[PDB]
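**Q** The opening position of the sequence shown corresponds to residue 1 in the authors' numbering, with each subsequent residue numbered one higher. All C-beta atoms, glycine included, are put in the ideal place defined by N, C-alpha and C. Following this message is one structure expressed as structure tokens.
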Amino acid sequence: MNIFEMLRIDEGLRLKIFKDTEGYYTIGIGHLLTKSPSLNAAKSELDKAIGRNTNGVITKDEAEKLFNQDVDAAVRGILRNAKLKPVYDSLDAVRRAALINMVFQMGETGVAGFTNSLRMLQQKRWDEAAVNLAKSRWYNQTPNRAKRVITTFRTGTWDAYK
């Protein structure tokens, strides 16, 4: 198990424009296109991201390319963020993947806002952190995925993904 397989499990794969859990136009492996209600706006973003006129449909290869870029972007977001980097640096490789997963789903700024959870993680108070992480819109809106990610933080194993 690794961060790419983990996020593939959590995000799936769809090759035509769809709406994510929040109603936002998305494609591929959880690639957010726009928060605009305009499908045309979403298609413009997609064409820009891929570099061709797609009319809302892409290939698996193209989806995996956006995914590589998005995982890269999540890691670089963590490393450039003054709140996330020390926590990332303090973690083991499995819990690092859990943090990348969160940033992939809700963005650098959103995760950096989890101040009390981040502190408990840096303190390696895993059960406490797990409890704190669940007191969130994140958990309430996507509880099964949040549960997997939280279990990964709690145990430092891949148990929730096998």
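1) Nearest-angstrom Cα distance between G107 and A74?
2) Residues bridged to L32 by DSSP?
3) Is the segment 89-100 in contact with the segment 57-69, if contact means three or more CB pairs nearer than 8 Å?
4) Can you tell me where the beta strand (DSSP E) with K16 in it begins and where it stops?
5) Quick one: is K35 buried, meaning 16 or more other Cβ sit within 10 Å of its Cβ, or exposed?
6) On the DSSP bridge list, what partners appear for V57?
7) Output the distance between the C-alpha atoms of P143 and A41, rounded to the nearest integer angstrom.
8) Which residue from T59, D61 and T26 puts its Cα closest to that of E45?
9) Taking the C-alpha atoms as reference points, what is the distance between residue 163 and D72?
10) Rounded to whole angstroms, how far is the Cβ of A98 from the Cβ of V57, which I believe are closer than 8 Å?
11) If you count every other CB in all the chains shown that lies within 10 Å of the CB of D127, and 16 or more means buried, which is it?
12) Considering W138, what are the terminal residues of the alpha helix (DSSP H) in which it resides?
13) According to DSSP, is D70 helix, strand or coil?
14) Would you decide whether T152 is buried or exposed? Buried here means 16 or more other CB atoms lie within 10 Å of its CB.
15) Return the CA-CA distance between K19 and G30, expressed in angstroms with no decimal places.
**A** Working from what's here:
1) The straight-line gap from Cα to Cα measures roughly 7 Å.
2) Paired residues: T26.
3) Flag = no, the segment 89-100 and the segment 57-69 do not touch.
4) Taken as a continuous stretch (DSSP letters only), the beta strand (DSSP E) holding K16 covers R14 to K19.
5) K35 should be labelled exposed.
6) BP columns for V57 point to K16.
7) Distance from the CA atom of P143 to the CA atom of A41, rounded to whole angstroms, is 30 Å.
8) The shortest Cα separation from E45 among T59, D61 and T26 belongs to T26.
9) Only positions 1 to 162 of the chain appear in this structure, which leaves residue 163 out of reach.
10) Rounded to whole angstroms, the Cβ separation of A98 and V57 is 32 Å, and the two are not in contact under 8 Å.
11) It counts as exposed.
12) First-last of the alpha helix (DSSP H) with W138: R137 to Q141.
13) DSSP places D70 in helix when its eight states are reduced to three.
14) With 16 or more Cβ atoms within 10 Å of its Cβ, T152 is classed as buried.
15) Here the C-alpha atom of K19 lies approximately 10 Å from the C-alpha atom of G30.
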